[PDB]
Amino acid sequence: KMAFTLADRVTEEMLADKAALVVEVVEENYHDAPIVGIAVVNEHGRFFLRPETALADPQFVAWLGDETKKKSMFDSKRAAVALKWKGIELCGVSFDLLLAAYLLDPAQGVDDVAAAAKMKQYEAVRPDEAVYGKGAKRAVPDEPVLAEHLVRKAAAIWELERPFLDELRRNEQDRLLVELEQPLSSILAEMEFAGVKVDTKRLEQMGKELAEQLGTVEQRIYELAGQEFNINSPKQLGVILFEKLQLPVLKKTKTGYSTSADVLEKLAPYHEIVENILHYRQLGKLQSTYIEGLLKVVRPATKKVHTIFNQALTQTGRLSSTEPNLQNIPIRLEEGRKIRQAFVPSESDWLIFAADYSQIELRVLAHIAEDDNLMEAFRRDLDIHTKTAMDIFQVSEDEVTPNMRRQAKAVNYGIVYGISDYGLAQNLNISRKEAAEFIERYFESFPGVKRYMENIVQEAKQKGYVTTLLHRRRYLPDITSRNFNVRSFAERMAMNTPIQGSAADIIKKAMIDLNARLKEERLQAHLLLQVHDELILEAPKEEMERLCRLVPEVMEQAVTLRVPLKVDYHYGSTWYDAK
C-alpha cells in the first residue's frame, strides 16, 4: 500500500543531497548489533536497500559519510553507533525526529517513529512493536514486510521534519535542537563507541575479597538473629526484626514492614543486627551490580564496556546511562569507591582527566532567582554546603566531616525544592518545630529564592509548563489538579525542573564547545563519560598540562550567568585517582 523500489544495487538517484534515512537496528542495545535493512526517501522516490550490498557499495558509504549530504532520521545515534561498529561513518544528519519529539514534549515517551508521528496526526506507519513483536516472539519479519515498515518510517520522517521544525521555532526550541541536542548526539555516539577500558583482574579480585567478607557478616547476622533466614527476603527479615526481635516499627510499605536504610539507621540503638544488615546489603550491592554486573558486559577482546547514553528519556533534559549505568559508580564510601580503580585509560601512557561543576544548581538558582544573598555567596566562591554544615551541627569549618557535608547538601537542595518540616526533621533527627524554624530562617537569608519558588509555581499554572534557560520545556498538567497530593508533586516539579534542566543545558553546551576546542588544538584527548555535572576524558599524559587549562576554561565559559561557574579537575592513572 506504499510504493517503493526494492533495490538490488545503489543507483545515483538514491544519493540526493537531501534524504530521509532509516538504518534499522532492532536490538535494544545497538553496540555491535546487526543492521537489518535500510530505507531512503528523497525527491526521486522511496528505496529499500539490503545492508549487505548497500554497506559494501563505495558510493553509498561515501554518501553516508558526506556531511554535505543531509539526512533526516529518527534516533540517529543508534544508527551512527551501529555503523561505527561496521567501520562506517555517518555524517550530515540535520534532523533527528526523536530529539525533536523529546524537546516538544518529554512526557510523550516517544519510542519510535509512529509515536512521534501521532503528535502530528500522521499514522501511515506502524509501531515498531506491532512489526517486530515483543519478548521471545521478537523477530525480523519477512523482507517485503520489513521493507515497507522501513520505507513507511522514512516517508514519515520525510513528511514530519517541516511541522516539527515549525513547532520547535514557535517554542523557541529550534536552536536547542540544531545547535545543542543534534551536535551532542554525534558526541555521545563517539563516547559510546570509544568505550571505557576496565581492569578485569582488579575487578575479579575485589569480588573474591567480597565473597569472603559477605559470609563473615552473614554468619554474624544469623548469630545475632539467633537463627538463619533469607536476609534479602523482606518477608523473613521483617519477621526477624519486628516480630522475633520485636524492634519498633517506624514505617510500613504497601506490602509490609519497611527495612530501608533510614529505618535501620534509627534502630541501631535498639540492636546490633541492624548495622550488620546494612553492611551486608552494601557489600551485596557492590557484588551484584558493580562486580558481577560490570564483568557481564565487558567485551572480552578489548576489555571495554560500552554504555548507552539515553538522550531522550529524562523529563528534565539530563542524560541517563544504561547497561552498564556508568553514572552511578560508587564513590561515597571507601570500600565501594575502589571499584573506580578498575576504570583505566584505553592506551598505555594515557591518563584519565575528570572535570566537574561545583554546586551547579545553586549557581543556576542564584542566577534565575536573582537572589541578592545567594548571588553574593557565589561571587565570594563560598561553599554553601560547608557553611550549611557549620550552621546545622554548630561546628566550625575545620570540624565539618564529609558525612556532615553530605547531609547539609541534602538540606540545601531539599529546602529550595520544597522539603517539608516533617521530611527535614526526619533527615536531621530534630524536632518538627526546629525544622520549620530552620526552614523559615533559611528563607529569611534567601527571600529571593522564596519569591522564585512562588513565582515559578504560579507561572506553571498560567502557562501550563516550565522552561529552562535554553528553552527546554516540561508540561505540568497536574499543577492545577484538585487532588492535593497530585498537585503538590507537580508544584515541586515546577521548582526543580527549570533548575536541574538548566544545569543539564549548561553541561551539554560545555561538551559541544569542548569537542570543538579539542579539535582546533589538535589534541588526541577525547570524552569518555558525562555524569550530570562532570566530564571524564582520557588523553596522552603529555596533554595533561594543556587540559588543565583548556577544560576548566571551556566549562566555565559555556554560558554567562550573573554568578561565576566554578570547575574542579583532577587527573590520574585511573578514574579513582582522578579526584
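Residues carry their position along the shown sequence, with the first being 1.
- Higher mean CA temperature factor, per the PDB entry, when comparing 276-284 with 352-360: 276-284.
- Comparing 497-505 with 174-182, the higher mean C-alpha B-factor in the PDB entry belongs to 174-182.
- Comparing the listed residues 13, 24, 556, 568, the entry records the largest Cα B-factor for 13.
- Across the residues 483, 341, 320, 302, the deposited record lists the maximum Cα B factor for 483.
- Among all modelled residues in this chain, the alpha-carbon of residue 311 has a temperature factor (C-alpha) in the lowest third.
- In the deposited entry, the Cα temperature factor of residue 257 sits in the top third of values across the chain's modelled residues.
- In this PDB entry, residue 237 carries a Cα temperature factor that places it within the highest third of its chain's modelled residues.
- Among the modelled residues of the chain, residue 478 sits in the middle third by CA temperature factor in this PDB entry.
- In the PDB entry, a CA B factor belonging to the highest third of its chain's modelled residues is recorded for residue 227.
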